[PDB]
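In what follows, a single structure is set out as structure tokens and then discussed.
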Amino acid sequence: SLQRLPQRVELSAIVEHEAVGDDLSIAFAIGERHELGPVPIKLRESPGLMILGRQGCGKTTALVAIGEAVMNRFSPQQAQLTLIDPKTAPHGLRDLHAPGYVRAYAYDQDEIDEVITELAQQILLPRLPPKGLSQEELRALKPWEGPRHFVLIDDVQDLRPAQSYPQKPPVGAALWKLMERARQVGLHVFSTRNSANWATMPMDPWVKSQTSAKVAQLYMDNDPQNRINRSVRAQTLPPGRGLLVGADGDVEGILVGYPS
Ligand SMILES: Nc1ncnc2c1ncn2[C@@H]1O[C@H](COP(=O)(O)OP(=O)(O)OP(=O)(O)O)[C@@H](O)[C@H]1O
Ligand SMILES: [Mg+2]
């Protein structure tokens, strides 16, 4: 089937429905090819999302909705939220309230760098299998324990880049290699990026890591002259709407549910 999407849908309708196999998925939107019901993000297949859109398209709201979807699908022992918000976006991650779920929220660039590096080096790197092990030894290793870590990164274009005099690494760069290997350490990065400059957007290292990780990418409002791939062009769209594009090339028009 292929139905047309409403102007708006409440995220609470989406959550109450998913609630009612061996699922490892969250849902924060409805889809044209899902009979206007929830579109599950299968986290074993696509452990995160890259979200690309022009101003006003609903990048920030989508992360709020994803946060709320996480909290309704998982207990705090199963999932923790790390909130990265360099623009202190109005009505954004700063207002997502959940004690027990939020292990860190930061907006200051050095603070963000600290939070991401601590998570990557103290928590996630240990979950990787040690180097210099036989494949036989690797197959019998104990799996890591603890919660899955959902890192919500708004406005990656506003993260401070690498510099010299004084030397500083790009803010949050510690996470990039673990994002490629995210399926092994239970890391789930949902990052948004302004995409008015379609031509630099592929050079953004956050986009590179997510593409290299082969996560799905959500193309919200964009210039229809721009091409997602040989077969799919970007679309101009109202807020909350986007083209969900899998690494396999599958494409769905979706509508992000409006958060509580
Ligand atoms: N899922 C949605 N459904 C309906 N309307 C939405 C949705 N998300 C956002 N909007 C509308 O779009 C407006 C801007 O949303 P938001 O601030 O999330 O966009 P943004 O892309 O993060 O903006 P910016 O590019 O300025 O950071 C909201 O105030 C709301 O009016
Ligand atoms: Mg925003």
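Residues take their numbers from the sequence shown, with the count starting at 1. Both ligands and their constituent atoms are indexed starting at 1 by order of listing. Scope of the values below: all heavy atoms of this structure, side chains included, with no hydrogens, waters or symmetry mates.
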**Message:** For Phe150 and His188, take the angle between the two ring planes, folded into 0 to 90°, and tell me which bin it lands in: parallel under 30, tilted 30 to 60, perpendicular over 60.
**Reply:** parallel
**Prompt:** So, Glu180 versus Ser212: side-chain donor-acceptor pair below 3.5 Å or not?
**Reply:** yes
Under 3.5 Å, which donor-acceptor pairs do the side chains of residues 85-98 form with other protein atoms, sequence neighbours left out?
{"residue": "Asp85", "atom": "OD1", "partner": "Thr88", "partner atom": "N", "Å": "3.3"}
{"residue": "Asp85", "atom": "OD1", "partner": "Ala89", "partner atom": "N", "Å": "3.0"}
{"residue": "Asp85", "atom": "OD2", "partner": "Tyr105", "partner atom": "OH", "Å": "2.8"}

**Message:** Do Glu32 and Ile254 have side chains that approach each other closer than 4.5 Å (heavy atoms only, starting at C-beta)?
**Reply:** no
**Prompt:** Can you tell me if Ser75 and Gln77 form a side-chain donor-acceptor pair at under 3.5 Å?
**Reply:** yes
**Message:** Give the residues near ligand 1 by chain and number, with the criterion being a heavy-atom distance under 4.0 Å.
**Reply:** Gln55, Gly56, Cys57, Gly58, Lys59, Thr60, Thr61, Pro239, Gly240, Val256, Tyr258
**Request:** Indicate if the distance from the Mg ion (ligand 2) to the nearest N, O or S atom of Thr60 falls below 2.8 Å.
**Result:** yes
**Prompt:** Looking at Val171, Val156, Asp154, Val115, which hits side-chain contact (heavy atoms from CB on, under 4.5 Å) with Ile84?
**Reply:** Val115
